[PDB]
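Here's the structure, in structure tokens; my notes come after.
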Amino acid sequence: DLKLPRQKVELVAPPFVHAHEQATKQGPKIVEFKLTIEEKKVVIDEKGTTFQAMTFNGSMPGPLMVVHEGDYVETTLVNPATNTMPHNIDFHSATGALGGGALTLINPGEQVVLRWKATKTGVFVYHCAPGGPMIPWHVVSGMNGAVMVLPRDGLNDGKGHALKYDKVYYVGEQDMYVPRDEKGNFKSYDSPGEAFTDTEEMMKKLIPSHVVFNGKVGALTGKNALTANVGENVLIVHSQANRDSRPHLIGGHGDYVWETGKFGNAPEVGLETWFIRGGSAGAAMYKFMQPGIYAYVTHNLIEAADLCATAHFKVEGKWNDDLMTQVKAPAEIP
Amino acid sequence: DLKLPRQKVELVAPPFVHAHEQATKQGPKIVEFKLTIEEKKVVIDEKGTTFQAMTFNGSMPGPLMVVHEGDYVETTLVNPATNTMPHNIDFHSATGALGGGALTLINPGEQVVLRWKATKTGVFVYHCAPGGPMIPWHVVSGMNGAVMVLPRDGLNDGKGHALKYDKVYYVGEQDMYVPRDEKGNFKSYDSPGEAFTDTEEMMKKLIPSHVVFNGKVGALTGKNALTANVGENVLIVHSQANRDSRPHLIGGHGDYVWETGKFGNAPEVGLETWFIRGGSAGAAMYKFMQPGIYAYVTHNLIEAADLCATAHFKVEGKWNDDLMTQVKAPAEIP
Amino acid sequence: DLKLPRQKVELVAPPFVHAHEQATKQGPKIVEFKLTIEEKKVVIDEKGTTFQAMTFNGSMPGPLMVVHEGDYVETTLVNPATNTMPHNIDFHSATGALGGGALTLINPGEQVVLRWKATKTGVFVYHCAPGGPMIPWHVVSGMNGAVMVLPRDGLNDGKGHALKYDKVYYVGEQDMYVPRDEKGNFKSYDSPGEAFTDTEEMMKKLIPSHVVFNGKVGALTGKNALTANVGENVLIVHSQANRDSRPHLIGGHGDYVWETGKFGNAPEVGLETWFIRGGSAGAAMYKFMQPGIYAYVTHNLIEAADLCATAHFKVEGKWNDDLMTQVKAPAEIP
Ligand SMILES: OC[C@H]1O[C@@](CO)(O[C@H]2O[C@H](CO)[C@@H](O)[C@H](O)[C@H]2O)[C@@H](O)[C@@H]1O
Ligand SMILES: OC[C@H]1O[C@@](CO)(O[C@H]2O[C@H](CO)[C@@H](O)[C@H](O)[C@H]2O)[C@@H](O)[C@@H]1O
Ligand SMILES: OC[C@H]1O[C@@](CO)(O[C@H]2O[C@H](CO)[C@@H](O)[C@H](O)[C@H]2O)[C@@H](O)[C@@H]1O
Ligand SMILES: O=N[O-]
Ligand SMILES: O=N[O-]
Ligand SMILES: O=N[O-]
Ligand SMILES: O=N[O-]
Ligand SMILES: O=N[O-]
Ligand SMILES: O=N[O-]
Ligand SMILES: O=N[O-]
Ligand SMILES: O=N[O-]
Ligand SMILES: O=N[O-]
Ligand SMILES: [Cu+2]
Ligand SMILES: [Cu+2]
Ligand SMILES: [Cu+2]
Ligand SMILES: [Cu+2]
Ligand SMILES: [Cu+2]
Ligand SMILES: [Cu+2]
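Protein chains in written order, with this note's numbering: chain A, -6 to 327; chain B, -6 to 327; chain C, -6 to 327.
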């Protein structure tokens, strides 16, 4: 008996985000999404380390879902028979039934349809949570993503001024726990089930072997660097479903940052580094002022440089010598 | 020569909180509390692991003390002769003498009486701190609690509106360090002194064996689940005296959150997950909208599901299908 | 063609800060600083453990640079031929070229001059970042400091009132990774290069052996305790270039705290413990109310008491019995 218009969304793989309006004149609708779970062995680093991943829609992170406050989000969650485990979905944006987890447990070969009303604005984690010790295991295996619930009037700075982004990227950060054998090489496994005992043992010690963006070391570099132009306002949504992170744009700032990720709160301004609490998403916007390469990292630099947690931006435009200039290039000391 | 009325409080064990007013028409009083230190061997998990605990009033955490801004808090701290170690108390709410620690060092068989003026509003940690390496050891052995200093007009949202809670719970989170023997079983000790060398060695490696609420795995589940009804506004005070935490109510939100815990600051609104800095208390209020079971966790889900850090709420009332509904129950994929 | 007045600054070693104005009637100037890199073996604890340090200006942290919004900061970075490695500098306060890192890479025997416009207010990290895995290694070897960019009208409370400090201290916190040999003693190395392989192995495990202020256990105690008088407002700038911290003044508070460190945001009030995200600086001001000794710690008390992260303040003045009093000294229990 919920008589509103229905709108289908075609999700796109991260770090890109499906097309959407910021401010809208649409009223509430039932926005329809489909997520199909895929368990798969993937490569996570440039050395060829493999990993028993569990994913929504084939990606780590799962895709970003975007709706507006007061929309109803109707998700068909599909667990094909080619998977081995039960799965479900918990939306941190939703109210009741463990975020939906208690209404969405599906065995291989099943699907379920959950609807929730988007009553809270912000960016939020979604993740699998089948019960007990399986909860962390599915999450750290990759079964997490995010959903953005925009105000119908779009974003604002808390001081009456609209904040409109020219583009948005979703960076999902994943702590991974890959065991090593006696001589110190990473182990490979034939199935997630086979990976579980060694993986849980390592998980409980709370030190990841890898911390990656978009599912692999280097995922958001080279051909797949993020991009912008001088003058463009870019929103960067960052999530971490299990473990804290401290994002930083090297050579830039967070002009407007919602580190707790919730648009009912005004953004902070002019940050160097912000903090994503494990189990949350946050967002930062920056207007690029200088061309060139930037790195986007977690600012535990050991994690960034040595465990995988670095993305790049390639930015086009004109250099601004007022903001920064090399007065004297490297030369012998007099 | 401090000539104000005296009021005794009968403390109650966590997660419950002694009776108190939110807004009050009372002026300042001298509010009298007694804390009696107990060292004791306790069971911390469902496997029967034992732990050399050190407690205020027999509990982990120590009980929540509640006063109003401008009250004087007069604590009789008692260290019975049946204990083995010196102890003291540091109130993060207090000004001077290391929070009181420098005025309250008592050997077994002694007591001391400290008064401090409640000039800062919020929730605050209190903990033992006898000196040097004993400081962390006593804290991580359980010797910590919290004190709430309310505004005399009660809580507000920073926008002129009163925030009144229907009930309050105190969740004290404890990082514990229980060593293992060569084959990998947790060790048991005959006294705290005997536990110290192995425990310190483990402590310095900064990875707990257990992270619990209310002193044990499962403490706030089953018979001892937290409770609410749909429509009730519940305040959840969360403390962690030594290590960070990231609280999250699964299936709910933080409607109003003071993550740094201090009522001179407006609350943030509509959070998914908040952050308790080690060495602090914070508070979150939520009005329940849906019946059923909720889990309240730290959202490092490894800690929550595998190391002990999960509580439950059981909530009574009517399900709201507008907020959430299972449109199609699990079924075979077409 | 940048035609502004030039002003030289003589930097001073932490925890002290070079002389500067808070509010100023000066307009923009080119403020000139020199940093000379020194690699050196130092002692980091009272047991005589040694450490292959890499420093700006000989200190850990590097010195605090202080300017005003809209100044241009012109740094001559010098890498003497007596050093072994290339080095550079990344200012989190600066815009473009990886914070300056991409314009300042200098081999031993070279210097470079970088200018950047101080368009963002707050306290910010600066650090070396030569590329790749060298980034974390140089940072955790000591190559980090901070720069404070004040509003030209000085600090304010966000409610229209000026906040003027009577003194400022800079506490730089350093996570250090010193490997151990088979029997468990800390290793010593003949050069940073020789320390690298064992040090990187340890770094990737994300547990420091030492967490210190001002470069060594006990650096800011005894003769070198911080000082104040009752009635003095002290600003404490705290930085951590790689790893989170949770500052706390034992026996005091943070009266006004910018935990994310950026003066475009109002301070929070009345904190017990605040949070410095790794890769940032923050600042807290406190007006002392009581004489005596205070400890300033990270409130992971294991880190504070056992790994090195404790400073002291010695405060002169008159005790205030209204704020705190020992009603009854320790005595036998009746
Ligand atoms: O940015 C959110 C922040 O801004 C304030 C105004 O200071 O409210 C603005 O944003 C609200 C949510 O979008 C709007 O409903 C409101 O009309 C607008 O002024 C704060 O109240 C809020 O915390
Ligand atoms: O919620 C605290 C926050 O609210 C403001 C008003 O925006 O002040 C309110 O709360 C103060 C502390 O309880 C009251 O003294 C004040 O009268 C009331 O308006 C902020 O100033 C404060 O940060
Ligand atoms: O403390 C910064 C905070 O204060 C406000 C007023 O609430 O602005 C003050 O500080 C600004 C930066 O120094 C000044 O430009 C402004 O004039 C002054 O009122 C906030 O806007 C700001 O977030
Ligand atoms: O070689 N086994 O881990
Ligand atoms: O500035 N970042 O390493
Ligand atoms: O290249 N030396 O000035
Ligand atoms: O068996 N000793 O730890
Ligand atoms: O939603 N919590 O795992
Ligand atoms: O039960 N299958 O539709
Ligand atoms: O003794 N070698 O580490
Ligand atoms: O109050 N500090 O340990
Ligand atoms: O010293 N005993 O009261
Ligand atoms: Cu799953
Ligand atoms: Cu969750
Ligand atoms: Cu004690
Ligand atoms: Cu403390
Ligand atoms: Cu360097
Ligand atoms: Cu940096």
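Quick reminder that beta carbons are idealized off the backbone N, C-alpha and C, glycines included.
For the C-beta of A/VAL262, the chain C residues within less than 8 Å are, from N- to C-terminus, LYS255, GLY257, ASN258. Residue-level contact check: C/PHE26 does not touch chain B, since none of the beta carbons of chain B fall below 9 Å from its beta carbon. For B/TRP109, at least one C-beta of chain C is nearer than 9 Å to its own C-beta.
If you check the CB distance, B/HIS11 and C/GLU265 do not come in under 9 Å. In the three-state scheme derived from DSSP, where H, G and I count as helix and E and B as strand, A/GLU103 is classed as strand. Contact check for A/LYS198 against B/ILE200 passes: the beta carbons are separated by less than 9 Å. The C-beta distance from A/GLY135 to A/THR48 rounds to 5 Å, short enough to meet the 8 Å contact threshold. Look at A/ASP(-6) here: in three-state DSSP terms it is coil, with no helix or strand label.
Taking C-beta separations shorter than 6 Å and ignoring five residues to either side along the sequence, the partners of B/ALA90 in its chain run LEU96, following chain order. The residue among B/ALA122, B/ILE82, B/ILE128 with its C-alpha nearest the C-alpha of B/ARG108 is B/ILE82. Going by C-alpha positions, A/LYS27 is about 20 Å away from A/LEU143. Between A/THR192 and chain C, the shortest Cβ-Cβ separation is not below 9 Å. Under the criterion of beta carbons closer than 8 Å, B/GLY165 and B/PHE206 qualify as touching, at roughly 7 Å. Sequence-distant partners of B/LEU228 (beyond 5 residues in either direction) whose C-beta falls short of 7 Å from its own C-beta, in its chain, are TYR158, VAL161, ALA276, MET278. Within 8 Å of the C-beta of C/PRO260 there is at least one heavy atom belonging to ligand 3.
When distances are taken from the beta-carbon of C/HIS120 to the heavy atoms of ligand 5, the shortest one is below 8 Å. Not a single heavy atom of ligand 3 lies less than 8 Å from the C-beta of B/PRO123. Here the stretch 217 to 227 of chain A does not lie against the stretch 21 to 39 of chain A, with fewer than 3 beta-carbon pairs under 8 Å apart. Rounded to whole angstroms, the separation of the alpha carbons of C/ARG239 and C/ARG270 is 9 Å.
In this structure, ligand 17 has a non-hydrogen atom nearer than 8 Å to the beta-carbon of C/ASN81.
Chain C has a Cβ within less than 9 Å of the Cβ of B/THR97. By the C-beta density criterion, C/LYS255 is buried, having at least 16 other C-beta atoms within 10 angstroms. Using a 10 angstroms sphere on the CB of A/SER184, the tally of other CB atoms stays under 16, which defines it as exposed. Taken in chain order, the members of the stretch 302 to 326 of chain B whose beta-carbon sits within less than 8 Å of a beta-carbon on chain A are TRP312, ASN313, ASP315, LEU316, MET317, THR318, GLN319, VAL320, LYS321, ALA322, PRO323, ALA324, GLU325, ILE326. C/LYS18 sits exposed, since fewer than 16 C-beta atoms from the chains shown fall within 10 Å of its C-beta. The DSSP assignment places 185 to 196 as complete runs of the alpha helix (DSSP H) inside the stretch 163 to 200 of chain C, in order along the chain (cut-off: 4 residues).
Contact of A/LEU148 with chain B by beta-carbon distance below 9 Å is absent, the smallest such distance being about 15 Å. Not one heavy atom of ligand 8 is found less than 8 Å from the C-beta of B/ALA12.
The C-beta of C/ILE128 comes no closer than 9 Å to any C-beta of chain B. Restricted to the stretch 19 to 94 of chain C, the beta strand (DSSP E) segments that are unbroken, complete and at least 3 residues in length are 23 to 36, 43 to 49, 57 to 61, 65 to 72, listed in chain order. One alpha carbon belongs to A/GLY55, the other to C/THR29, and they sit about 47 Å apart. Rounded to whole angstroms, A/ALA139 and A/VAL5 show a C-alpha spacing of 13 Å. Judged by DSSP in its simplified three-state form, B/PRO129 adopts helix. A residue is called buried once 16 or more other Cβ atoms fall within 10 Å of its Cβ, and A/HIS241 is buried on that count. For chain A, the residues of the stretch 219 to 241 of chain C that bring a beta carbon within less than 9 Å of one of its beta carbons are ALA234, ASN235, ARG236, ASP237, in chain order. Here DSSP, grouped into helix, strand and coil, assigns C/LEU316 to coil.
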